[PDB]
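Read through the structure below, which is laid out as structure tokens, and then see the notes.
Protein chains: 2
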Amino acid sequence: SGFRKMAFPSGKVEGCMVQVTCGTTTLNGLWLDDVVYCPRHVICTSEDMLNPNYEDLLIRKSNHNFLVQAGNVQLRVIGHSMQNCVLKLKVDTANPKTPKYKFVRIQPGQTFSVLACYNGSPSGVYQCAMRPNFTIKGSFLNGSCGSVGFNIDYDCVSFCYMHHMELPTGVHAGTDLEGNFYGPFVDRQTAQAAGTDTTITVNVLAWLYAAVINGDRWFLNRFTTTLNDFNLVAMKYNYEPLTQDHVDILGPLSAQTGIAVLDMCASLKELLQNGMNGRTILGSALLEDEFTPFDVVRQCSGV
Amino acid sequence: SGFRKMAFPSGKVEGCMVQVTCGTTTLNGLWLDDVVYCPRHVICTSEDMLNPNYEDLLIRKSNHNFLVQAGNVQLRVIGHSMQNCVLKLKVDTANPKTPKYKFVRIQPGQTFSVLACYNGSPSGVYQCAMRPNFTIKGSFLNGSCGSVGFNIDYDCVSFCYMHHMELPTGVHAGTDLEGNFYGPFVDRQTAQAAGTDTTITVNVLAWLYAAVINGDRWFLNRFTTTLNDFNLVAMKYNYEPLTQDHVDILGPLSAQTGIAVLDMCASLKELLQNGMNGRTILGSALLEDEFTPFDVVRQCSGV
Ligand SMILES: COc1cccc2[nH]c(C(=O)N[C@@H](CC(C)C)C(=O)N[C@@H](C[C@@H]3CCNC3=O)C(=O)c3nc4ccccc4s3)cc12
Ligand SMILES: COc1cccc2[nH]c(C(=O)N[C@@H](CC(C)C)C(=O)N[C@@H](C[C@@H]3CCNC3=O)C(=O)c3nc4ccccc4s3)cc12
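Here the protein sequences line up with chains A and B, keeping their order.
Per our numbering, the very first residue in the first sequence carries number -1; after that it's consecutive.
Per our numbering, the very first residue in the second sequence carries number -1; after that it's consecutive.
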């Protein structure tokens, strides 16, 4: 038992991290088969960054302008192309550590592991959720762009994020591995705002089930509510609406604990209206919404 | 910027995880050079577990009773010996992925990354602190024993933990890689209690500095206190005493923020006496003590 924010083991992704240099700018890149993927603004100069015309900038480059380093070994670039906000560099060597992989775009409310890298060298791994407003609450410093986010299913790495930007509020924005931004952001040196955010209701309920499985029961009550009346309270507290599919997804956790989803919703309503009264749930003094139902089942099945 | 609980990249340790089977019992093991390390109670039968005489149990074993599997490839055991609560199995093949490593025992208050493994296969990575009472608040299921904890410095993996037990309270206990338990626990199928725990004061202060670096300032005040008077308040709230070495260790963070350690102590005293008044620090509604000063500097230097 125990419930901890947990990342996927990162070794399969570590074996794919390289360093891409163009001019004086060096970013992280992702080497899969004979292609390296990196943020396209590696081709920018300090003068270009306010509003680059990237098509123009890249037409003015050739293969020999890109230095790709995999460890101490330099990779020969033999082709280049634009992939929305990602640059694709064809190299003459397929990565021998390429895992089974795919490129999958995730939904707000889903989680993934981030492998933070600096100078092509992995530095830390952590978990985070795609917020409803398409930002992530990450931890990224100068030099981190091109770090990727991913999930692992059996042997397959599903890459879902490459890092590009930090907003003025200190949250982070990036693209899928096709170079398409999550949310209304652009890869320019400008201050950009996200939309208002909301709390991921289905994840809060999943985490309350995790708590019960781990012996935290003080917030439970004999009461139940209806879906409509729950969502009336949810809207008041800036919580997302709960769907029947959300209920159905919570079915297994409901069955494991013997607590109907709408019974747990009555606990959440009381927590939202009354606070915690100085108590904690799974070591937190607030309602946590960055664990999916899948994340919970992965740590709590069989407890 | 941003501050997230962050583990070390796990790939160097992933390349060392194997599976050790004795009889019907299979545990995780750690393969470094030509030695596999695992919890000694892999040799136990259901009848032996209440109070095994491990010396007797192991004398009754020979090399061919141990099946070591590294992936699909079986490793030939050519020697065995007892190492306190760890078994050492000599195999005929040195692990070609052995990283630079050492075995280091950590102090309460220090942090490390855990690579949770089941059936020799890595499943998740997370960070945790050795509590003052020598337990860890982990996430471990049936089948997890032999999973290890570690820190990485440059290229060197310092292994500090191998997992053995879950206490009745749901916290976890284990040994260093020499097989010596952290705390007053024994490897028997018995319910065991830890000593009372305390809050790691120096880590709370480190995390308050992390908060300031990340723009959370509401808890600051123009006041300062003395070390003696702070520790009088700390003792009241079950916080560890703050030493001058703790102050000295916090020096860099003090210099980066321009906030004297004893000035921050006055903020902590007010937080301890007044609570948060419904506000958060770095996304938490309680005072967090599982980040060391080193952990903070690693994410906040240069912000
Ligand atoms: C007036 O401009 C602002 C006003 C208010 C907030 C702001 N934020 C950013 C902004 O984020 N810019 C992007 C770059 C843009 C072009 C996508 C950027 O620096 N990305 C970083 C990751 C950042 C660093 C800090 N923590 C992070 O996550 C990345 O590593 C990259 N470095 C470089 C360096 C050179 C060339 C490319 C890259 S790409 C600008 C900005
Ligand atoms: C009346 O006995 C209790 C009363 C109240 C609380 C209790 N806790 C334990 C207790 O923890 N036992 C140890 C084993 C002891 C011998 C060190 C144990 O099961 N370790 C697990 C990791 C545990 C599983 C649940 N989550 C965890 O972390 C491990 O994987 C191992 N599995 C086996 C299986 C067979 C042989 C060896 C091992 S070693 C006993 C106990």
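Don't be surprised by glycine CBs; every beta carbon is placed ideally from N, CA and C.
| Check | Outcome |
| --- | --- |
| Counted within 10 angstroms of its Cβ, other Cβ atoms place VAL16(A) as buried (16 or more) or exposed | buried |
| Inter-residue Cα distance where the pair is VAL75(A) and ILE41(A) | 14 Å |
| Host beta strand (DSSP E) of residue 358(B) (start-end) | Coverage of chain B is limited to positions -1 through 301, which leaves residue 358(B) absent and any answer about it impossible. |
| CB contact check: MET128(B) to chain A, cutoff 8 Å | no |
| Assigned exposure category for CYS154(B) - 16 Cβ within 10 Å defines buried | exposed |
| Inter-residue CB distance, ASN212(B) and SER(-1)(B) (contact presumed, cutoff 8 Å) | 5 Å |
| Proximal residues, the stretch 213 to 225 of chain B versus chain A, C-beta separation under 9 Å | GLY213 |
| N- and C-terminal bounds of the beta strand (DSSP E) containing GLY27(B) | 23 to 30 |
| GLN271(A) beta carbon near ligand 1 (any heavy atom closer than 7 Å) | no |
| Cβ of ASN229(B) within 8 Å of any chain A Cβ | no |
| Interface flag, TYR124(B) vs chain A, CB-CB below 8 Å | yes |
| Where the beta strand (DSSP E) through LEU73(A) begins and ends | 71 to 73 |
| Contact with chain A by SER137(B), beta-carbon distance below 8 Å | yes |
| Cut-off 6 Å between Cβ atoms - residues of its own chain near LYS10(A), not counting five sequence neighbours on either side | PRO97 and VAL155 |
| Buried versus exposed call for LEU266(A) [16 or more other C-beta atoms within 10 Å across all chains shown] | buried |
| Inter-residue Cα distance where the pair is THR241(A) and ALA192(A) | 25 Å |
| Residues that DSSP places opposite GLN242(A) in a beta bridge | Answer is none; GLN242(A) lacks a bridge partner. |
| Straight-line gap, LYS3(A) to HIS62(A) (C-alpha atoms, nearest Å) | 43 Å |
| Nearest-angstrom Cα separation, counted from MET47(A) out to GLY27(B) | 51 Å |
| For residue 305(A), the nearest candidate out of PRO50(A), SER8(A), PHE1(A) and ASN70(A) (CA to CA) | Shown here, chain A extends from -1 to 301; a query on residue 305(A) therefore has no answer. |
| Cβ of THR278(A) within 8 Å of any chain B Cβ | yes |
| Residue interval of the beta strand (DSSP E) (run including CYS115(B)) | 109 to 116 |
| Within-8 Å CB hit, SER60(A) to chain B | no |
| Option in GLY136(A), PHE157(A), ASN140(A) and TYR116(A) with minimal Cα separation from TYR99(A) | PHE157(A) |
| Cβ-based neighbour list, residue 366(B), same chain, cut-off 8 Å, excluding 5 preceding and 5 following | The displayed coordinates of chain B run from -1 to 301. Any statement about residue 366(B) would go beyond what the structure contains. |
| C-beta atoms of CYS83(A) and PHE148(A) nearer than 8 Å | no |
| Proximity test, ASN140(B) beta-carbon vs ligand 2 heavy atom, cut-off 7 Å | yes |
| Cβ contact check for the stretch 287 to 294 of chain B and the stretch 253 to 265 of chain B: 3 or more pairs under 8 Å | no |
| is_contact[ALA283(A), chain B] using C-beta, thresh 8 Å | yes |
| Ordered list of alpha helix (DSSP H) runs contained in the stretch 213 to 286 of chain A, each at least 4 residues | 225 to 234, 242 to 247, 249 to 255 and 259 to 272 |
| Nearest neighbour of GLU268(B), chosen from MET233(B), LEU218(B) and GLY168(B) [CA to CA] | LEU218(B) |
| Closer than 7 Å: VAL169(B) CB and nearest ligand 4 heavy atom | Absence of ligand 4 from the depicted structure is noted, with ligand 1 and ligand 2 being the only ligands included. |
| Simplified DSSP state of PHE292(B), which is helix, strand or coil | helix |
| Segments of 3+ residues assigned as beta strand (DSSP E) that fall wholly inside the stretch 143 to 201 of chain A | 146 to 151, 154 to 164 and 170 to 173 |
| Those residues which DSSP pairs with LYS135(B) across a bridge | None, per the DSSP bridge assignment. |
| Short CB-CB distance (under 8 Å) between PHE6(B) and chain A | yes |
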